[PDB]
Amino acid sequence: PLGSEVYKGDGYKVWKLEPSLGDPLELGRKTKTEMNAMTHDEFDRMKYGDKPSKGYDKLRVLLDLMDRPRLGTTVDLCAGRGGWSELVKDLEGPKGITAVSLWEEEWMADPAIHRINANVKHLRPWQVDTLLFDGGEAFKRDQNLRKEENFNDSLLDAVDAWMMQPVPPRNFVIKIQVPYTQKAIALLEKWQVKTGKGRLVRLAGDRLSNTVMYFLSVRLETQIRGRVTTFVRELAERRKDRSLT
Ligand SMILES: Nc1ncnc2c1ncn2[C@@H]1O[C@H](C[C@@H](N)CC[C@H](N)C(=O)O)[C@@H](O)[C@H]1O
């Protein structure tokens, strides 16, 4: 019998993403343009307190997908209100966490968690057991597409320094807000070479109004370009399905 292996246990939690043919940047820009043109009706129909934020439960699902590793010294980059840091603190205590964010957003997590008020694009890395990053922003419709792409590429370039240091993080959870840019795909491929690990996932039930994926330190899953292509094609189809009659 399959036994306990049944519970971990991928089927329910993330999209199946086998690689397919196509240009992910062209397809991503196409579906973003279509979404920008949607009516209130269309857009609304598919755009759809215990914790410091809704991020706590999200990180719990991701860490379970990773077989619940021991976290050790952890940096939480772009910590915001602290949902991810609070999860780490509940798991292992406050001592091993450093939270980095621009609080200029107020901290809703344990005040015992060490915090650094800094731009993650300026802060230089240090050696950690676990690297967490939940930065990234979806832009509103009125703006040009390349602006959103460049903003999120810049954040990813900040994470790159943490990943490429001489002793990289053993565990990592990296939010990829815009995964179909040339830079995002090149960065993910590079981190797979550096670490020998890493799989890009789309979480089931994430909002269709965004293009968010998560890069997780589970076993290597390669062909990232084709899997992003599959993701953006399927996303455009599910946006169409939801926005319609
Ligand atoms: N360049 C930057 N440096 C530091 N923090 C940033 C930067 N850009 C955005 N942020 C912050 O990153 C946060 C992103 C949030 N999604 C984090 C949520 C957090 N994971 C939670 O569970 O509550 C926002 O609070 C932003 O204020």
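Residues numbered from 1 in each chain as written, not as in the entry; some residues may be left out. Heavy atoms only, no water.

As stated in the entry header, the method of structure determination is X-ray crystallography and the reported resolution is 2.0050 Å.

By size, the foremost hydrophobic cluster in this structure holds 39 residues, and its most contacted members are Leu77, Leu131, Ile174, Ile176, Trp191, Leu200 and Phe215. It is helix α5 (residues 145-163) that provides the largest number of residues to this core, a total of six residues. Not counting the four nearest positions on each side in its chain, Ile176 is found in contact with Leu156, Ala184, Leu188, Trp191, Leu200, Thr211, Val212, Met213 and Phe215. Formed by 26 residues, the second largest nonpolar core is a distinct cluster that contains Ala79, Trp107, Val201 and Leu216. (Core = buried A, V, L, I, M, F, W, Y, C linked by side-chain atoms within 4.5 Å. Buried < 20%, exposed > 50% of the residue type's maximum accessible area, 1.4 Å probe, protein only. Helix = DSSP H or I, 4+ residues; strand = E, 2+ residues; numbered from the N terminus. Contact = heavy atoms within 4.5 Å.)

Moving on, we get to the pattern of salt bridges. Enumeration over the complete set of coordinates arrives at 16 salt bridges. For the salt bridge of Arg29 with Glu149, the shortest nitrogen-to-oxygen distance reads 2.8 Å. A salt bridge links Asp90 to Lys89; its shortest N-O distance comes to 2.8 Å. Salt bridges here are not isolated pairs; linked through shared partners, they connect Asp10, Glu18, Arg199, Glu221 and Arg227. (Salt bridge = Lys/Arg side-chain N within 4 Å of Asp/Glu carboxyl O.)

It is worth spelling out the pairing of strand β5 (residues 171-176) at this point. Burial analysis of β5 places six of its six residues in the buried class, which makes it a mostly covered element. Both faces of β5 are covered, namely the face carrying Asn171, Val173 and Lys175 and the face carrying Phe172, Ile174 and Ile176. Two strands pair when backbone bridges link them, and strand β4 (residues 130-133) and β5 are joined in this way by four bridges, in the parallel orientation. Its bridge partner lying in β5, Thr130 is registered against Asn171. As for the winding sense of the linkage, the β-α-β connection from β4 through α5 to β5 is right-handed. Here β5 runs beside strand β7 (residues 213-219); their pairing, made up of four bridges, is antiparallel. Residue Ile176 lies in a different strand from β7, and its bridge partner there is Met213. (Pairing = 2+ DSSP bridges. Right-handed = clockwise from strand over helix to strand, strands pointing away.)

Around the ligand sit 17 residues, and of these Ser53, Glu105, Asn119, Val120 and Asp134 come closest. Between the ligand and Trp84, the relevant distance is 3.3 Å, taken from an oxygen atom to a main-chain nitrogen or oxygen of the residue. Within the contact set of the ligand, a nitrogen atom lies 3.4 Å away from a backbone nitrogen or oxygen of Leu102. Surface burial for the ligand is 82%, taken as the share of its 580 Å² of free accessible area covered by protein chains. A breakdown of the residues in the shell around the ligand according to their chemical character gives seven nonpolar, seven polar and three charged. (Near = heavy atom within 4 Å. Polar contact = N/O pair within 3.5 Å; in protein donor to acceptor, adjacent residues only side chain to side chain. Areas by Shrake-Rupley, 256 points an atom, 1.4 Å probe, with all protein chains shown as cover. Nonpolar A, V, L, I, M, F, W, Y, C, P; charged D, E, K, R; others polar.)

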